[PDB]
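The structure appears right after this line, and notes come after that.
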Amino acid sequence: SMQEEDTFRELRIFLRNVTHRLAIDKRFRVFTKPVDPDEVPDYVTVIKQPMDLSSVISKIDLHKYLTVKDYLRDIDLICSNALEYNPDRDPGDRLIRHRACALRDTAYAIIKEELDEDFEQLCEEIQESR
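Residue numbers (the numbering used here): 60 to 189.
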């Protein structure tokens with residue numbers, strides 16, 4: 060129904076706004092765009108499901124997220140990927156892991172503070188009925 064579509068529209072607005080806030084933080088610049096295969100040619104052979112914040116925006120707009128849970132799975136994916144591709148003790152790797160965990164903790168904290176859990180529960184029930 061139109062009321063359900065209004066719910067999902069509100070969702071998308073919220074998710075764009077959260078995503079924008081992450082994307083403008085200097086720490087998270089490395090996660091804002093797909094890894095360039097010129098610069099990192101083995102990335103797409105190691106990491107099976109690449110994700111980044113621009114692609115997250117594309118997915119919002121394509122209506123791929125009907126719940127905040129589905130969105131956060133993609134945030135987790137950005138983090139997991141970074142942990143997996145940069146697993147060493149060297150400083151570069153430790154910095155990107157640190158930032159990847161901060162990306163995740165920051166997304167969860169914003170959501171905790173700003174997402175009414177009855178709103179999420181509604182989205183989840185509409186989704187289960189489809």
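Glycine included, C-beta positions come from ideal geometry on N, C-alpha and C.
Counting other Cβ atoms within 10 Å of its Cβ, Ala141 reaches 16 or more and is therefore classed as buried. Between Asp149 and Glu64, the alpha-carbon positions lie close to 48 Å from each other. Nearest to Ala161 by C-alpha distance, out of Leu81, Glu69, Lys128, is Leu81. The three-state secondary structure of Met110, taken from DSSP, is coil. The beta carbons of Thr91 and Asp111 sit closer together than 9 Å. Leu174 and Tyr130 do not touch by the CB rule: their CB atoms are close to 10 Å apart, not below 8 Å. At least 9 Å separates the beta-carbon of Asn145 from that of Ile134.
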